[PDB]
Amino acid sequence: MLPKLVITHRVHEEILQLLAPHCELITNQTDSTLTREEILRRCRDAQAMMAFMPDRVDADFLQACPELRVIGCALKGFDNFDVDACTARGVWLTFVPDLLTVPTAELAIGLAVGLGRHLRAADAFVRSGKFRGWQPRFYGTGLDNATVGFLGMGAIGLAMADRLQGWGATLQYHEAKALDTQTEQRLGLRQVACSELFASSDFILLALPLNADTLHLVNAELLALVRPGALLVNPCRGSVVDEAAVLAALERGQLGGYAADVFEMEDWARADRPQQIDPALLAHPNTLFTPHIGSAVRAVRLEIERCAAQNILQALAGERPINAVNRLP
Amino acid sequence: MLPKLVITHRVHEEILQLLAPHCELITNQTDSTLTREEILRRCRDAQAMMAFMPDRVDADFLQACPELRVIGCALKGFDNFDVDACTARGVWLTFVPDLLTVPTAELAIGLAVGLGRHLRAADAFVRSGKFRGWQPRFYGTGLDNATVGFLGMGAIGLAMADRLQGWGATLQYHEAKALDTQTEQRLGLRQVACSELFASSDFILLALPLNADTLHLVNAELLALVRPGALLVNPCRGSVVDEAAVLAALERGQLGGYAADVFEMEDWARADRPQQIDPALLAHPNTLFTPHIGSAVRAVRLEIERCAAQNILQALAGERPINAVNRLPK
Ligand SMILES: NC(=O)c1ccc[n+]([C@@H]2O[C@H](COP(=O)([O-])OP(=O)(O)OC[C@H]3O[C@@H](n4cnc5c(N)ncnc54)[C@H](O)[C@@H]3O)[C@@H](O)[C@H]2O)c1
Ligand SMILES: NC(=O)c1ccc[n+]([C@@H]2O[C@H](COP(=O)([O-])OP(=O)(O)OC[C@H]3O[C@@H](n4cnc5c(N)ncnc54)[C@H](O)[C@@H]3O)[C@@H](O)[C@H]2O)c1
C-alpha cells in the first residue's frame, strides 16, 4: 500500500509516470471537472491531493478527509484554500510561485492590444467575407504614448512592465508594498495612489491577489474616476472587480473596454459569488475574454505539474516541501 | 483659381483647415470607397491628389490626368502606384515613411500572442455562456524560450524587435540589406539565411515590402521547411505569401497558425490577384485576421494625413516634397 494521491484534473502522462512508483494514483484524465461530491469521495482516504483552479479546500473538506498530508496546488493564487485550517490539521499546502508568471504576463499584454484594437470585431468582419479593402473603421487605441497603470507590482506586474519596455508608454503603479526606487527606475515606473492611478491611466492592468482587502476593490466609486474610454484588463482574479459595476461603466461608455481571463463566478470561497458571468457582459461589444488560460502554454503546464508533483513527493517523504506556504513540525 | 486637390477618402477637420487656403478641395468626407471611374472623373483636371490604400495609379491613370503635379499617399507601401510612370510624367509621388510603423508593430505582436494562445476560440467559448471554470484546454504557444524569425528588418521589423526585448525569445532575421554588427548586438539579433529562418523559427513575422522579387516569396517550397506548429504572422502585404500554399500548410497541420492584417485581394497592381479571400482560409480555426487596421489609431491617422497634406502643399508651392518617393529634375 503506497500513499494514495488524488489528482483532480488531467495531467501529462509522464507526470503520472513520475508519481506512480511512490503513489497509488486516483486520476481524472479528462477535460472535465468532477462534482464536489465525487472529489470528497475520492479524497476521503487520500494521503495527498494535487489541486487545480476549480478546487476549494475549507475546514469542512479537511475534516471529511482525515488522512491528507499534503495538498499540492498547481497554481499561484491559493485564495480558495484555507491555509490556517490546513496547518491546524497538520496538512502541507504548497503552490507554484513563479512558473505561471510569464505566460500570464504575455496574455495580459495580448489582451490589452486585442481590446484596444477591436480584434474580436475586426476578425469577425474579415471572416464574414465582406472585406473589400482598407476602410476608415476599427479605429482603436495603441500603447505608444499611452499611460499604463498597474494595480499590483509583484511577479506578474513586473513581468508585464519588463515586456512593455520597448513600447513607448508611461508606466505607473499602485502597490500595498512598494518596489525599491532602483528597480522602479530600471523599469521607468512611478508609484502613485490608487485613486490617481484610475484617474490618469489609459490602460489599467490588474496584477493583485484576491483577499478580504482586495475583494471588490475595483468598484463603482473607483471606476467613476476613469478617463472616458479607459481600458481595463483583468488577468488576476475576477472578484478584485465588481463585474456589475464594470458592465454599468461599459454601458455608460466611461469604460472603453474590459478584457478578462478570470471571473467572479470562479471564486469558490465566496458565498455571495455570482453563479455565472452576466449574459449582458458576455454580449457587450467592448470586451475580450479568455477562460482562465493565463498559464495555458504547453511546455509551462508540464513544468507546473512537475512542480506540484515534486512538492507532494517531498511532503510524503517527510521533508518540508520547497514551495510550502505553511510551516509544520 | 487655386489648384484642384482630390482627396479620395475621409480626412480630419484639422487637415482640411490646413489645406483650404491653398487648394480647391474635391473631398470625399464619407466612409465609402468611390469607384475607379469616379476617381478618374474627379482627377481629370486635378493638380494634386491625396491617395489612400484602396487607390491604384498606373500609366493610363496619369495619361487621363495631365494636370497632376503631386500624388500624396497616406501610406507606406506604394506598390499600387507606378512610380516609374509618375517620374516619366513629372509627377511627385510621396509617402509616409515612419508614422505607420509603431501601431503596425503593436498589432503584429498582438496577433502573434492571439494566434499562439487560441484567442478567437477561447473568447467564443466564454461568450457561449458555458464556461464553468478552468479546464486543461486551449494550451498554446508562448514567446518565452521561442525562436522568433523576422523576414525583413526595416522600420516595422526593428519596431517589433524593440517591442520583444523583455520577452525571453531568441530573435533572428533575414534581410536584403543586413544590419551592422553593433545594431545586431544592441537588439540581440542573429542574421540567418531565408531557408534557415523558415526552418528554425517558432514564430515567423513578415516585415517586407511587396515588389517583383517578393511576390509569392512565402510559397509552398518555403513553407515545406517549417517546424510542425510554426506560427506565421503577416502584417505587411498579402501577396508576399501564396495564401493557397498557406492554407494547404494549415490543412496538413505543418503550419500551426496564420495571422494576417493584409490580403492578396488588396494588391490591385496584380492582374491575376484573387478577387476575395478564400472562404476555406477564413473558416480555418488556426487563424486570426484584421482588415488592414495596422495604422488604424486615431492619433496616428491624424498625423499620417497631416504628413501627406504637408507633402502635397510643398509640391504645389514648387518645392520638392520632404517624403518624395521619386526624384524629379529641378
Ligand atoms: N490568470 C491566470 O492564469 C493567473 C496566473 C497566475 C496568477 N494569477 C493571479 O494573479 C495574482 C497576482 O499574481 P502574482 O504572481 O503577480 O502574485 P504576487 O503575490 O507575486 O504579486 C501580488 C502583488 O499584489 C500586491 N497587492 C496586494 N494588495 C494590493 C493592493 N490592494 N493594491 C495594489 N497591490 C496589492 C502585493 O503587494 C504583491 O506585490 C495571483 O494572486 C493570482 O490570483 C492568475
Ligand atoms: N498593415 C499595415 O497597415 C501596414 C503599415 C505599414 C506598412 N505596411 C507594409 O509593410 C511593408 C514593410 O514596412 P516597413 O515600414 O518595415 O518598410 P521598410 O521599407 O522600412 O522595410 C522593408 C525592409 O524589408 C527588406 N527586404 C526587402 N526584400 C527582402 C527580402 N527578399 N528578404 C528580406 N528582407 C527584405 C528591405 O531591405 C527593408 O529593410 C511596407 O512596404 C508595407 O507594404 C503595412
# chains A, B, ... in the order shown; residues from 1 in each chain; ligands from 1

$ interface_residues --of "chain A" --to "chain B" --cutoff "7 Å" --atoms "only C-alpha atoms" --output "PDB file with N, CA, C and O atoms, in the first residue's frame"
ATOM      1  N   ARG A  10      -6.711  16.607 -15.354  1.00  0.00           N
ATOM      2  CA  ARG A  10      -5.814  15.955 -16.295  1.00  0.00           C
ATOM      3  C   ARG A  10      -4.396  16.502 -16.234  1.00  0.00           C
ATOM      4  O   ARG A  10      -4.188  17.720 -16.244  1.00  0.00           O
ATOM      5  N   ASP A  31     -11.045  16.237 -19.660  1.00  0.00           N
ATOM      6  CA  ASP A  31     -11.055  17.703 -19.598  1.00  0.00           C
ATOM      7  C   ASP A  31     -12.150  18.243 -18.672  1.00  0.00           C
ATOM      8  O   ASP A  31     -12.355  19.455 -18.573  1.00  0.00           O
ATOM      9  N   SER A  32     -12.847  17.343 -17.989  1.00  0.00           N
ATOM     10  CA  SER A  32     -13.987  17.732 -17.175  1.00  0.00           C
ATOM     11  C   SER A  32     -13.602  17.893 -15.705  1.00  0.00           C
ATOM     12  O   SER A  32     -12.678  17.247 -15.221  1.00  0.00           O
ATOM     13  N   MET A  53      -7.229  25.014 -10.213  1.00  0.00           N
ATOM     14  CA  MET A  53      -8.037  26.218 -10.013  1.00  0.00           C
ATOM     15  C   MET A  53      -9.503  25.939  -9.625  1.00  0.00           C
ATOM     16  O   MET A  53     -10.070  26.672  -8.817  1.00  0.00           O
ATOM     17  N   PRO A  54     -10.129  24.884 -10.190  1.00  0.00           N
ATOM     18  CA  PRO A  54     -11.517  24.652  -9.776  1.00  0.00           C
ATOM     19  C   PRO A  54     -11.705  24.128  -8.352  1.00  0.00           C
ATOM     20  O   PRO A  54     -12.845  24.031  -7.889  1.00  0.00           O
ATOM     21  N   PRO A 103       3.706  33.386 -18.888  1.00  0.00           N
ATOM     22  CA  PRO A 103       2.637  33.221 -19.880  1.00  0.00           C
ATOM     23  C   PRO A 103       1.407  34.082 -19.572  1.00  0.00           C
ATOM     24  O   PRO A 103       0.720  34.514 -20.493  1.00  0.00           O
ATOM     25  N   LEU A 107      -0.124  36.968 -22.082  1.00  0.00           N
ATOM     26  CA  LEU A 107      -1.551  37.008 -22.413  1.00  0.00           C
ATOM     27  C   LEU A 107      -2.171  38.360 -22.052  1.00  0.00           C
ATOM     28  O   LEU A 107      -2.966  38.909 -22.818  1.00  0.00           O
ATOM     29  N   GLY A 110      -1.257  40.813 -24.694  1.00  0.00           N
ATOM     30  CA  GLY A 110      -2.043  40.465 -25.888  1.00  0.00           C
ATOM     31  C   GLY A 110      -3.518  40.846 -25.796  1.00  0.00           C
ATOM     32  O   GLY A 110      -4.129  41.249 -26.797  1.00  0.00           O
ATOM     33  N   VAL A 113      -3.674  44.738 -26.204  1.00  0.00           N
ATOM     34  CA  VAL A 113      -3.610  45.043 -27.636  1.00  0.00           C
ATOM     35  C   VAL A 113      -4.925  44.648 -28.313  1.00  0.00           C
ATOM     36  O   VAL A 113      -5.531  45.453 -29.032  1.00  0.00           O
ATOM     37  N   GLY A 114      -5.365  43.416 -28.064  1.00  0.00           N
ATOM     38  CA  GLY A 114      -6.592  42.878 -28.656  1.00  0.00           C
ATOM     39  C   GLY A 114      -7.813  43.714 -28.332  1.00  0.00           C
ATOM     40  O   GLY A 114      -8.684  43.905 -29.183  1.00  0.00           O
ATOM     41  N   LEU A 119      -9.984  43.652 -31.835  1.00  0.00           N
ATOM     42  CA  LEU A 119      -9.623  42.431 -32.569  1.00  0.00           C
ATOM     43  C   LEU A 119     -10.802  41.475 -32.816  1.00  0.00           C
ATOM     44  O   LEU A 119     -10.946  40.938 -33.917  1.00  0.00           O
ATOM     45  N   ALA A 122     -13.000  43.030 -35.478  1.00  0.00           N
ATOM     46  CA  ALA A 122     -12.197  43.110 -36.704  1.00  0.00           C
ATOM     47  C   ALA A 122     -12.054  41.755 -37.396  1.00  0.00           C
ATOM     48  O   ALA A 122     -12.185  41.656 -38.623  1.00  0.00           O
ATOM     49  N   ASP A 123     -11.783  40.716 -36.607  1.00  0.00           N
ATOM     50  CA  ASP A 123     -11.658  39.362 -37.128  1.00  0.00           C
ATOM     51  C   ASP A 123     -13.017  38.847 -37.605  1.00  0.00           C
ATOM     52  O   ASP A 123     -13.102  38.164 -38.625  1.00  0.00           O
ATOM     53  N   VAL A 126     -13.641  40.274 -41.133  1.00  0.00           N
ATOM     54  CA  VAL A 126     -12.896  39.597 -42.195  1.00  0.00           C
ATOM     55  C   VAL A 126     -13.501  38.220 -42.503  1.00  0.00           C
ATOM     56  O   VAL A 126     -13.691  37.877 -43.662  1.00  0.00           O
ATOM     57  N   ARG A 127     -13.816  37.453 -41.463  1.00  0.00           N
ATOM     58  CA  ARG A 127     -14.399  36.122 -41.635  1.00  0.00           C
ATOM     59  C   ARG A 127     -15.753  36.144 -42.347  1.00  0.00           C
ATOM     60  O   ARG A 127     -16.143  35.153 -42.954  1.00  0.00           O
ATOM     61  N   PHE A 131     -14.956  41.893 -46.407  1.00  0.00           N
ATOM     62  CA  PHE A 131     -13.780  42.744 -46.509  1.00  0.00           C
ATOM     63  C   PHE A 131     -13.546  43.093 -47.977  1.00  0.00           C
ATOM     64  O   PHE A 131     -13.398  42.207 -48.821  1.00  0.00           O
ATOM     65  N   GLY A 133     -11.266  45.667 -48.870  1.00  0.00           N
ATOM     66  CA  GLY A 133     -10.085  46.519 -48.847  1.00  0.00           C
ATOM     67  C   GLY A 133     -10.088  47.440 -47.644  1.00  0.00           C
ATOM     68  O   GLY A 133     -11.043  47.447 -46.857  1.00  0.00           O
ATOM     69  N   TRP A 134      -9.011  48.210 -47.505  1.00  0.00           N
ATOM     70  CA  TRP A 134      -8.849  49.170 -46.414  1.00  0.00           C
ATOM     71  C   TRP A 134     -10.035  50.129 -46.339  1.00  0.00           C
ATOM     72  O   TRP A 134     -10.475  50.671 -47.351  1.00  0.00           O
ATOM     73  N   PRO A 136     -11.913  53.281 -43.554  1.00  0.00           N
ATOM     74  CA  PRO A 136     -11.819  54.049 -42.314  1.00  0.00           C
ATOM     75  C   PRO A 136     -12.745  53.494 -41.219  1.00  0.00           C
ATOM     76  O   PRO A 136     -13.835  54.035 -40.996  1.00  0.00           O
ATOM     77  N   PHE A 138     -12.696  50.528 -37.400  1.00  0.00           N
ATOM     78  CA  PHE A 138     -11.988  49.799 -36.340  1.00  0.00           C
ATOM     79  C   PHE A 138     -10.831  50.612 -35.761  1.00  0.00           C
ATOM     80  O   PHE A 138      -9.816  50.055 -35.320  1.00  0.00           O
ATOM     81  N   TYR A 139     -11.002  51.934 -35.764  1.00  0.00           N
ATOM     82  CA  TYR A 139     -10.035  52.839 -35.162  1.00  0.00           C
ATOM     83  C   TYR A 139      -9.964  52.561 -33.666  1.00  0.00           C
ATOM     84  O   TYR A 139     -10.989  52.534 -32.983  1.00  0.00           O
ATOM     85  N   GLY A 140      -8.751  52.338 -33.171  1.00  0.00           N
ATOM     86  CA  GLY A 140      -8.556  51.916 -31.795  1.00  0.00           C
ATOM     87  C   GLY A 140      -7.524  52.718 -31.034  1.00  0.00           C
ATOM     88  O   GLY A 140      -7.170  53.832 -31.425  1.00  0.00           O
ATOM     89  N   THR A 141      -7.045  52.135 -29.939  1.00  0.00           N
ATOM     90  CA  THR A 141      -6.089  52.775 -29.049  1.00  0.00           C
ATOM     91  C   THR A 141      -4.836  51.908 -28.933  1.00  0.00           C
ATOM     92  O   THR A 141      -4.925  50.707 -28.667  1.00  0.00           O
ATOM     93  N   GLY A 142      -3.677  52.523 -29.143  1.00  0.00           N
ATOM     94  CA  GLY A 142      -2.405  51.822 -29.038  1.00  0.00           C
ATOM     95  C   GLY A 142      -1.687  52.128 -27.738  1.00  0.00           C
ATOM     96  O   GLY A 142      -2.109  52.996 -26.964  1.00  0.00           O
ATOM     97  N   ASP A 162       8.381  44.586 -17.573  1.00  0.00           N
ATOM     98  CA  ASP A 162       9.540  44.130 -18.353  1.00  0.00           C
ATOM     99  C   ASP A 162       9.194  44.107 -19.842  1.00  0.00           C
ATOM    100  O   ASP A 162       9.955  44.593 -20.686  1.00  0.00           O
ATOM    101  N   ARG A 163       8.032  43.535 -20.150  1.00  0.00           N
ATOM    102  CA  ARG A 163       7.619  43.328 -21.535  1.00  0.00           C
ATOM    103  C   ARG A 163       7.111  44.577 -22.247  1.00  0.00           C
ATOM    104  O   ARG A 163       6.980  44.588 -23.475  1.00  0.00           O
ATOM    105  N   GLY A 166       9.959  48.356 -24.485  1.00  0.00           N
ATOM    106  CA  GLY A 166      10.136  48.941 -25.823  1.00  0.00           C
ATOM    107  C   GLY A 166       8.924  49.636 -26.441  1.00  0.00           C
ATOM    108  O   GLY A 166       8.967  50.037 -27.604  1.00  0.00           O
ATOM    109  N   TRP A 167       7.856  49.811 -25.663  1.00  0.00           N
ATOM    110  CA  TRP A 167       6.534  50.153 -26.217  1.00  0.00           C
ATOM    111  C   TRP A 167       6.107  51.632 -26.185  1.00  0.00           C
ATOM    112  O   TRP A 167       4.994  51.957 -26.599  1.00  0.00           O
ATOM    113  N   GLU A 266     -15.768  32.127 -10.491  1.00  0.00           N
ATOM    114  CA  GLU A 266     -14.744  31.124 -10.198  1.00  0.00           C
ATOM    115  C   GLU A 266     -14.246  31.168  -8.758  1.00  0.00           C
ATOM    116  O   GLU A 266     -13.473  30.313  -8.348  1.00  0.00           O
ATOM    117  N   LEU A 282     -21.194  39.332 -21.276  1.00  0.00           N
ATOM    118  CA  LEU A 282     -20.733  38.412 -22.313  1.00  0.00           C
ATOM    119  C   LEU A 282     -21.049  38.878 -23.721  1.00  0.00           C
ATOM    120  O   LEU A 282     -20.281  38.616 -24.650  1.00  0.00           O
ATOM    121  N   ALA A 283     -22.164  39.593 -23.868  1.00  0.00           N
ATOM    122  CA  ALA A 283     -22.611  40.077 -25.171  1.00  0.00           C
ATOM    123  C   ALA A 283     -22.177  41.515 -25.484  1.00  0.00           C
ATOM    124  O   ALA A 283     -22.388  41.989 -26.597  1.00  0.00           O
ATOM    125  N   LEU A 288     -13.139  41.533 -24.282  1.00  0.00           N
ATOM    126  CA  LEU A 288     -12.375  40.412 -24.811  1.00  0.00           C
ATOM    127  C   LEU A 288     -12.107  39.455 -23.653  1.00  0.00           C
ATOM    128  O   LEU A 288     -11.606  39.868 -22.608  1.00  0.00           O
ATOM    129  N   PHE A 289     -12.434  38.184 -23.850  1.00  0.00           N
ATOM    130  CA  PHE A 289     -12.435  37.209 -22.764  1.00  0.00           C
ATOM    131  C   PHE A 289     -11.596  35.983 -23.059  1.00  0.00           C
ATOM    132  O   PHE A 289     -11.463  35.586 -24.205  1.00  0.00           O
ATOM    133  N   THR A 290     -11.063  35.372 -22.003  1.00  0.00           N
ATOM    134  CA  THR A 290     -10.403  34.072 -22.106  1.00  0.00           C
ATOM    135  C   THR A 290     -10.764  33.232 -20.877  1.00  0.00           C
ATOM    136  O   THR A 290     -10.949  33.783 -19.784  1.00  0.00           O
ATOM    137  N   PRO A 291     -10.886  31.901 -21.049  1.00  0.00           N
ATOM    138  CA  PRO A 291     -11.379  31.063 -19.949  1.00  0.00           C
ATOM    139  C   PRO A 291     -10.283  30.606 -18.979  1.00  0.00           C
ATOM    140  O   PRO A 291      -9.981  29.411 -18.890  1.00  0.00           O
ATOM    141  N   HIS A 292      -9.707  31.554 -18.246  1.00  0.00           N
ATOM    142  CA  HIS A 292      -8.630  31.283 -17.298  1.00  0.00           C
ATOM    143  C   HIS A 292      -7.451  30.553 -17.953  1.00  0.00           C
ATOM    144  O   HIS A 292      -6.967  29.552 -17.431  1.00  0.00           O
ATOM    145  N   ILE A 293      -7.002  31.064 -19.094  1.00  0.00           N
ATOM    146  CA  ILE A 293      -5.900  30.450 -19.847  1.00  0.00           C
ATOM    147  C   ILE A 293      -4.546  31.164 -19.684  1.00  0.00           C
ATOM    148  O   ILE A 293      -3.641  30.988 -20.498  1.00  0.00           O
ATOM    149  N   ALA A 296      -1.843  28.688 -19.846  1.00  0.00           N
ATOM    150  CA  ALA A 296      -2.130  27.648 -20.845  1.00  0.00           C
ATOM    151  C   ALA A 296      -1.130  27.623 -22.005  1.00  0.00           C
ATOM    152  O   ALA A 296      -1.481  27.814 -23.166  1.00  0.00           O
ATOM    153  N   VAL A 297       0.127  27.393 -21.660  1.00  0.00           N
ATOM    154  CA  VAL A 297       1.197  27.252 -22.632  1.00  0.00           C
ATOM    155  C   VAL A 297       1.732  25.847 -22.374  1.00  0.00           C
ATOM    156  O   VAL A 297       2.045  25.501 -21.230  1.00  0.00           O
ATOM    157  N   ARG A 298       1.787  25.037 -23.430  1.00  0.00           N
ATOM    158  CA  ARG A 298       2.058  23.593 -23.322  1.00  0.00           C
ATOM    159  C   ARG A 298       3.247  23.226 -22.431  1.00  0.00           C
ATOM    160  O   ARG A 298       3.091  22.457 -21.472  1.00  0.00           O
TER     161      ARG A 298
END

$ residues_near_ligand --ligand "ligand 2" --cutoff "8 Å" --atoms "only C-alpha atoms and all ligand atoms" --output "PyMOL selection string"
chain B and resi 75-79+97-98+100-101+103-104+151-158+174-178+194+207-210+213-214+217+235-237+261-262+292-296

$ residues_around --residues "residue 56 (chain B)" --least-positions-apart "2" --cutoff "8 Å" --atoms "only C-alpha atoms" --output "list in words"
residues 54, 58, 80, 81, 268 and 269 of chain B

$ select_by_dssp --residues "region 53-278 of chain B" --states "alpha helix (DSSP H)" --output "PyMOL selection string"
chain B and resi 59-64+83-88+101-116+119-127+155-163+181-187+194-200+220-223+243-252

$ residues_near_ligand --ligand "ligand 1" --cutoff "6 Å" --atoms "only C-alpha atoms and all ligand atoms" --output "number ranges by chain"
A: 76-77, 100-101, 104, 151-157, 174-177, 207-210, 214, 235-237, 261, 292-295

$ select_by_dssp --residues "region 125-240 of chain B" --states "strand (DSSP E or B)" --output "ChimeraX atom specification"
/B:140,147-151,170-174,189-191,203-206,218,230-234
